[PDB]
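Peer 1: Give me a 3D structure for the following:
(8 chains)
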Amino acid sequence: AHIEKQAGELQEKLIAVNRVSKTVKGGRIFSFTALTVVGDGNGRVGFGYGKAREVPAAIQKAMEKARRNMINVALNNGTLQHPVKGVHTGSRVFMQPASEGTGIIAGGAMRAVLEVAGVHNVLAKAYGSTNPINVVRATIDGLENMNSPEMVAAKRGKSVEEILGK
Amino acid sequence: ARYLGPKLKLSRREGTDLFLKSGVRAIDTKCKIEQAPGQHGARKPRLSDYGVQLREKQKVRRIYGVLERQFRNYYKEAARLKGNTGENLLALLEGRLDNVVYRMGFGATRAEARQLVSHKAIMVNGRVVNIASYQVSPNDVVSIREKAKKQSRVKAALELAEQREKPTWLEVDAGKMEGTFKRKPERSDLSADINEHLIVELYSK
Amino acid sequence: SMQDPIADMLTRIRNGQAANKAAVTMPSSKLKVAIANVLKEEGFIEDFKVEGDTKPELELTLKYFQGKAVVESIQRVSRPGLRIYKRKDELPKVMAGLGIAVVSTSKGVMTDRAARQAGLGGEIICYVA
Amino acid sequence: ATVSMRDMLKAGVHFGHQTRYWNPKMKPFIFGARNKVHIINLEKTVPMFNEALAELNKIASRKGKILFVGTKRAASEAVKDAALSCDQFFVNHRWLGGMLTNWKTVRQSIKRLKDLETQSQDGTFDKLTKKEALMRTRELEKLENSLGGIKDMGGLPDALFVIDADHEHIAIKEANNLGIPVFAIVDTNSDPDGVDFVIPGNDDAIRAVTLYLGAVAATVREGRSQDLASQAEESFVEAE
Amino acid sequence: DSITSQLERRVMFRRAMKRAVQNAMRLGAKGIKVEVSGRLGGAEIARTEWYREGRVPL
Amino acid sequence: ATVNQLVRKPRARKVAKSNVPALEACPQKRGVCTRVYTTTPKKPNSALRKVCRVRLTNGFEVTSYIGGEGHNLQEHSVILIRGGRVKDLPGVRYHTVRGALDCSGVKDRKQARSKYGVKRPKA
RNA sequence: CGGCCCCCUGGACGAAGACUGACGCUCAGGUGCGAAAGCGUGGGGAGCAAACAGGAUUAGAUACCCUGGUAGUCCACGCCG
RNA sequence: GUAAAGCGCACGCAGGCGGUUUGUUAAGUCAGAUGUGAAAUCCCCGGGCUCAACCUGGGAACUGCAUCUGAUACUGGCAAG
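Peer 2: Residues are numbered from 1 along each chain as shown, chains lettered A, B, ... in the order given. I have put the structure below:
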């Protein structure tokens, strides 16, 4: 269904896992939940929360929901250089234009999420729901173009077709 | 100021011997350390962003034979003479008189080495300099005060050390009880687990 | 009445791309013309013409030669009401240098690069995003 | 290649049958009503159709196999006429939207059909009791109807031919994910999707749709015959 | 025996039972049903699990 | 809204960084105990928990929890108080400093001695 | 704002002839303005109806459901709209 | 919109804002010109007392101010469209 960036070989960064219930006679819930962010170890889009009858299916649901069945805004190369704010399904991440590479600091499990996402180069504060199941959206709302490549000639990139169109 | 006390405990998390208590008991062998220490070890531990920062500050406190409090002044000097902060801080950590003393061999442990500083057995420029935090630069000379050139324990430590604790950035002579420190190293020569730019991002915000 | 015709200029380009056009025509200021030239040489618009009825009027051609790719929105920051002025040294490259400010200097309208190399300040008109 | 333009006019002269209401997103290719019946602009569709029918020709040397999707209770007979081969595959009446990503299941039911079709056809379907044997005949029927447009297809198709964009939103998603391009024929009261190439057109009554699909198929189908005959001639030259 | 052995030594029971089934049907079972119970997860109260695959008619 | 609009209409603001009440702009303050209450709290989780009202020496009166460990407080004793709300207990904006004055904890110690109390038993 | 119309008159909606030419936009302050009942004084009260009476309902019945029945509902202008 | 939060509504002066063109001006705009901005403990570059803490010479954002000269690309003033 939903198409994503390039990768070669994938890392199943499971950041969190949980269990749901509402057990009763006839129709019931008894499954497990799992949360994974999928990437290549530098920068890729993809985030999936899924659930199933047991722990093996729970994780396979989650890895499918990252890679398909999910709306994302795209990335190019494993680095950011279009730092801007945004909103996707209430979740707000703000990034002011500053240095690339160095300055990276974010608490709890989030510094590890940012390394597979490609936006550990430029980053600033989060607002809206502050839970690690929904704020991993960094490379989506915090990137409002479909490519943000590492050559600074990116701002001449669309220009070279526009003045040839003149 | 030499901390010690509950000394081995911090190595027992760390999996490096931290240079404290070497010999025949640096990482395991007669040392009982991470060979199921205690009466527990079945449960899953948890980490955070502050957990890897804390672990890496713990590493760097003991490997240079310093403290958190010593390392705060080392940063107050690192910013004042400006560059890349993490680079500057290590130059100063590795620039301690206790670390020149340690790498030359004159004590084969952090506690030994710093003791020979403090207890006036170490001289810089032929005058006794009893401060481990004394700054030492390339082609400077360390030498031993007279009433301490009779140490049996000095002679013993240099030979335990012989071409297994002695680095190539220095020279020493085990007969004259004196040496020239020829070059201050950086992280490319040393161990590459410790990181001091990440620790300044923590203390700045 | 609308107070700002230059917010309208931008809204014309945005909605222009969204409605899958290739051209957008409007009533023109002297200021509008002076703006459209910096955009055209900076390659965020493709072309324009200037033509008369009862006053001067600007017709322009979109970045729908290639659609959307780095710029998805263009907005003016020194408008009617809120104005902000920038000195010769603090003229910015918006989005960590993946962009420009269009800058009205006391020499005329040019981009932030050229105003800064000349060491000329002024009123900061519009950014790409 | 004026030949594409003949077929578009020859099909297009049913002038619609549906009311003066149309899909807003199709508006460019729609001419004004005559007494509450929708009429497509016939001239404005003839430039599109020639661009489409050359693109179908280029993929004939890439082609694996074709899959006619968007089938339903009125569009099937029009797909029947289009295929003229088993180099190109189809179903008659209905289609289950999506096969491209749950291929795992789909190949597992093809193996259940052909095993139990061979038992039925030998006369050796009868085991345990007669109740059980009839119960298996009843599942053989069920498979055949579920499978008819894939039960002969060698894997996954190199292009996808969709007449109905309207129940096929899930198939188009999955096909693109498998890295297959869609070639589409969309109605004037249907919404166009995320597809790679379109024929703008009006699919009212059986007389228009059999020809649009037939024109689409000729370019690609006889391309395919000629690329394969060439593979014979590139090897046989050596031996002559 | 093999699925209690994992649980006795607190290694696994979420997938230990599924490899039992895999290993069973490859030598000749048209189907196997498994139920695991105990004090599973180190919990101060009792839990259950189950898994059926292929056919087990009664 | 406009930016101009907001100069003409001032914003409503609160402090997002302080909410626990505190007297004389400091972390500790002294008062004499007046009363003790055995009380049952907010939430379906219930104990007969022990709290004091204390009369401060700076002219206010507050109710504080006896924290740390045990109940060892007298009903009229000058004791040291610390800001810190102990949630579901009635009117509790404060806790009592177990290592100061008349307060002391119960049974040995492996915890603090600032709160939980008792002189040195171990390192 | 509800039968429909006229008399007075506001406001909208189209279109040709013709006319002025930013006379624009927004709006602290501001004056002006009622769905309903309430309401000051006047007209009106056929039916319905709060209360009050009494039934019926029910682990009780102020709620539920009923009957009588007064103010009210109905008009005109006015008062913080 | 519904989470706390659109004035109950019109009309509109004061303040804020100003389609499009010319003339004219220059409040804010920016550039230019020049003076001021002690002192380290802060900051940047040096230095010394066993390093350090500590203290410090030179430079400084001195996070602060000053007015003339020049400009009309911008908005504001005023005149006729």
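
Peer 1: Is residue D:235 in a helix, a strand, or coil?
Peer 2: helix (DSSP: H, G, I helix; E, B strand; the rest coil).

Peer 1: oh, I was asking about residue D:137
Peer 2: helix.

Peer 1: And it, how far from chain A?
Peer 2: Noted for residue D:137: a distance of 34 Å to chain A, by C-beta to the nearest C-beta, to the nearest Å. Backbone N, C-alpha and C define where each C-beta goes, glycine included.

Peer 1: isn't that residue right up against residue D:120?
Peer 2: Yes: using C-beta atoms under 8 Å, residue D:137 is in contact with residue D:120, at 6.6 Å.

Peer 1: Which stretches in chain B count as helices?
Peer 2: B:9-14, B:49-63, B:68-80, B:85-94, B:97-104, B:110-116, B:152-161, B:197-202 (DSSP state H).

Peer 1: Mind giving me the packing neighbours of the last one?
Peer 2: Put plainly, it is helix B:197-202. Counting contacts by 3 or more C-beta pairs under 8 Å, 6 or more residues apart in numbering or on different chains; DSSP states H and E, helix B:197-202 packs against helix B:49-63, helix B:85-94.

Peer 1: Skipping adjacent residues, who's closest to residue A:49 in space?
Peer 2: residue A:35 (5.3 Å; C-beta to C-beta, 6 or more residues apart in numbering or on different chains).

Peer 1: Could you pull up the residues touching the one you found?
Peer 2: A:14-18, A:48-49, A:62, A:132-133 (C-beta atoms under 8 Å, 6 or more residues apart in numbering or on different chains).

Peer 1: any idea how far the residue nearest in space to the middle of chain D is from chain B?
Peer 2: Residue closest to the average C-alpha location in chain D (C-alpha atoms, centre = their mean): residue D:68, at 1.6 Å. According to C-beta to the nearest C-beta, residue D:68 and chain B sit 55 Å apart.

Peer 1: wait, does whichever strand or helix holds that residue contact chain A?
Peer 2: In this assignment (DSSP states H and E), residue D:68 forms part of strand D:66-69. No: Strand D:66-69 stays out of contact with chain A when judged by C-beta under 8 Å from any C-beta of the partner chain, the minimum separation being 15.8 Å.

Peer 1: contacting residues around the single nearest residue of chain E relative to chain C?
Peer 2: Chain E approaches chain C most closely through residue E:14 (45.4 Å), counting by C-beta to the nearest C-beta. For residue E:14, the contact set (C-beta under 8 Å, 6+ apart) comprises A:54-56, E:49.

Peer 1: That one should be in a helix, yeah?
Peer 2: No: checked against three-state DSSP, residue E:14 lies outside a helix; its state is coil.

Peer 1: Show me how chain B divides into domains.
Peer 2: B:7-93+B:190-203, B:94-181 (CATH domains of a matching chain).

Peer 1: Tell me which of those domains is the most buried.
Peer 2: domain B:94-181 (a mean of 17; mean count of other C-beta atoms under 10 Å in any protein chain shown).

Peer 1: so how far does it reach from one end to the other?
Peer 2: 12 Å (C-alpha to C-alpha, to the nearest Å).

Peer 1: Next, the buried residues of the one helix or strand residue E:52 maps to.
Peer 2: In this structure, residue E:52 sits in strand E:47-54 according to DSSP H and E. Under the neighbour-count criterion of 16 or more other C-beta atoms under 10 Å in any protein chain shown, strand E:47-54 has residue E:51 buried.

Peer 1: Just give the strands next to that strand in its sheet, each with its orientation.
Peer 2: Sheet pairing for strand E:47-54, assigned by DSSP bridges, gives strand E:31-38 (antiparallel).

Peer 1: Return the strand it pairs with as PDB; C-alpha atoms alone will do.
Peer 2: The C-alpha coordinates for strand E:31-38 follow below in PDB (Å, rounded to 0.1, in the frame of the first residue of the first chain):
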ATOM      1  CA  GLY E  31      -2.400 -31.200  13.600                       C
ATOM      2  CA  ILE E  32      -1.200 -30.500  17.300                       C
ATOM      3  CA  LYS E  33      -2.900 -28.500  20.100                       C
ATOM      4  CA  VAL E  34      -0.900 -27.100  23.000                       C
ATOM      5  CA  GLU E  35      -1.800 -25.500  26.300                       C
ATOM      6  CA  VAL E  36       0.900 -24.100  28.600                       C
ATOM      7  CA  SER E  37       0.100 -23.000  32.300                       C
ATOM      8  CA  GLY E  38       2.100 -22.400  35.400                       C
END
